[PDB]
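For reference, the structure discussed in these notes is given below.
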Amino acid sequence: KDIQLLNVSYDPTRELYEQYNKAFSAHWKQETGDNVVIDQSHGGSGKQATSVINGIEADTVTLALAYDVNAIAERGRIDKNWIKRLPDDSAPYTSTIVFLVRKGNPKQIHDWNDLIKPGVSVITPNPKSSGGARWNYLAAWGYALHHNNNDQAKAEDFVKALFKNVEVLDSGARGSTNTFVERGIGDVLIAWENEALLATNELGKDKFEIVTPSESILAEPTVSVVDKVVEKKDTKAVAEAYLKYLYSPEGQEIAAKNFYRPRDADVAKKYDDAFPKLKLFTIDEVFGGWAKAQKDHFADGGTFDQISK
Numbered sequence: 028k029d030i031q032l033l034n035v036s037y038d039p040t041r042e043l044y045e046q047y048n049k050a051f052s053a054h055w056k057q058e059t060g061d062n063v064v065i066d067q068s069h070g071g072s073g074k075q076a077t078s079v080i081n082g083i084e085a086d087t088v089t090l091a092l093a094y095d096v097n098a099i100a101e102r103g104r105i106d107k108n109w110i111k112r113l114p115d116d117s118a119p120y121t122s123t124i125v126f127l128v129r130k131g132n133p134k135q136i137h138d139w140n141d142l143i144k145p146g147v148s149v150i151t152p153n154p155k156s157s158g159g160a161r162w163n164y165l166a167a168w169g170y171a172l173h174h175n176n177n178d179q180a181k182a183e184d185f186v187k188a189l190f191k192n193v194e195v196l197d198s199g200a201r202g203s204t205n206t207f208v209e210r211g212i213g214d215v216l217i218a219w220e221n222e223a224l225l226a227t228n229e230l231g232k233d234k235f236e237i238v239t240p241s242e243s244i245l246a247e248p249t250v251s252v253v254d255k256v257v258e259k260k261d262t263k264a265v266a267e268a269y270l271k272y273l274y275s276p277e278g279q280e281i282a283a284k285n286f287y288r289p290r291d292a293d294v295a296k297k298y299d300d301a302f303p304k305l306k307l308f309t310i311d312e313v314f315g316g317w318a319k320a321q322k323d324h325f326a327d328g329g330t331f332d333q334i335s336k
């Protein structure tokens, strides 16, 4: 049979899925004789979730954080208990947040505190549409808390000061990366680690340098089958198989090659030297999980709205 799947994903996974889709299709045909074609859609995680809620017939969603999937489940398109369906809370790989600066680090950026200095132009996406934007915001807030004796007012002041320095707020993380690298705007990009490594290895070798902060957040992008769509399109078996294969040694290696941190020990050892080492905190330990964080910081009249005013 000929099967057509649609994967609605976050912004920077464009390269990953171009490569992964060809490997999964070859694998599925080998095992079943069927021909599967996967179409891709990319954009800020928030915006993408909304589009699915409003009619995009995605078989699978591969978003930047668990909240965005939950938002679709809350609207009834996905089973409420979707996170337990795949291992590691449906997160086949992890990432983190680092800084990308221009060659020679002319503004002498060393840690989070340097981003609030006068005259520094910061590039970070919009928390209202981007998943990476929200990870970035939590990383900076977590740092502030940890450097201010857990004083939330001081952390809010810190983040206010960081946002005052933001020159362009793109809607998706790949837009942020293009603004910095391609358009040459900004002194520092608060980037997904995969974007920083892609920029220094491909999008512009010898023009950029990564700065690893003292601590950052552990980012866990999450995947899910869209129950209501697969039940209509008769694609549950292949959609489920597509997400499970991300955990295969082949899927993990494709992730690693594209600068995402793999879970598979065999793959991590093989691509070890690529990932900076740094202290990571999680969303559960510092913010009480996604439900609480989203509420507190990104819902209407949250912390973000507050510091923007």
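When the letters of the sequence shown are read in order and numbered with my numbering, they come out as residues 28 to 336. A virtual CB, placed ideally from N, CA and C, is assigned to each residue, including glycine.
Problem - Nearest-angstrom Cβ-Cβ length linking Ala-171 and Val-193, presumed shorter than 8 Å - result: Between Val-193 and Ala-171 the Cβ distance is about 16 Å, and since that is not below 8 Å, they are no contact.
Practice task
Please state whether DSSP places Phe-331 in a helix, a strand or coil.
Solution key: helix
Handout entry: Nearest residue (CA-CA) to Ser-68, options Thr-40, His-173, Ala-223
Key = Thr-40
Handout entry: 9 Å Cβ cutoff met for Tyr-94 and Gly-70
Key = no
Exercise for the section: Please look up how many angstroms separate the CB atoms of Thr-121 and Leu-245, rounded, as I've assumed it's under 8 Å. Expected result: 6 Å
Exercise for the section: Please list, in chain order, all residues of the same chain as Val-208 whose beta carbon is under 6 Å from its beta carbon, the five residues on each side excluded. Expected result: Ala-226, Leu-230, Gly-231
Practice task
Please work out which residues of its chain come closer than 6 Å, Cβ to Cβ, to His-137, disregarding the five sequence neighbours upstream and downstream, and give them in chain order.
Solution key: none
Practice task
Go through its chain and collect everything with a Cβ distance to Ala-282's Cβ below 6 Å, but skip five positions before and after it.
Solution key: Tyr-120, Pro-289
Practice task
Mind the definition here: the segment 102 to 114 touches the segment 213 to 228 only if three or more C-beta pairs lie below 8 Å; say whether that holds.
Solution key: no
Practice task
Note the first and the last residue of the continuous alpha helix (DSSP H) segment covering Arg-161.
Solution key: 158 to 174
Practice task
Please report how far the alpha carbon of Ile-105 lies from the alpha carbon of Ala-118, in whole angstroms.
Solution key: 17 Å
Handout entry: Residue range of the beta strand (DSSP E) that includes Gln-31
Key = DSSP places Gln-31 in the uninterrupted beta strand (DSSP E) bounded by 29 to 36.
Exercise for the section: Would you list the one or two residues that DSSP bridges to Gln-67? Expected result: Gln-67 pairs with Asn-34.
Handout entry: Own chain, CB closer than 7 Å to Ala-320, minus 5 neighbours either side, in chain order
Key = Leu-165, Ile-310, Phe-314
Problem - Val-88 to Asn-81 span [Cα, whole Å] - result: Rounded to the nearest angstrom, the gap between the Cα atoms of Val-88 and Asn-81 is 14 Å.
Practice task
Compute the Euclidean distance between the alpha carbons of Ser-156 and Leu-33, then round it to the nearest angstrom.
Solution key: 21 Å
Practice task
Starting from the C-beta of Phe-331, find all residues in its chain whose C-beta is less than 6 Å away, skip the five residues before and the five after it, and write them out in chain order.
Solution key: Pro-154, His-324, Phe-325
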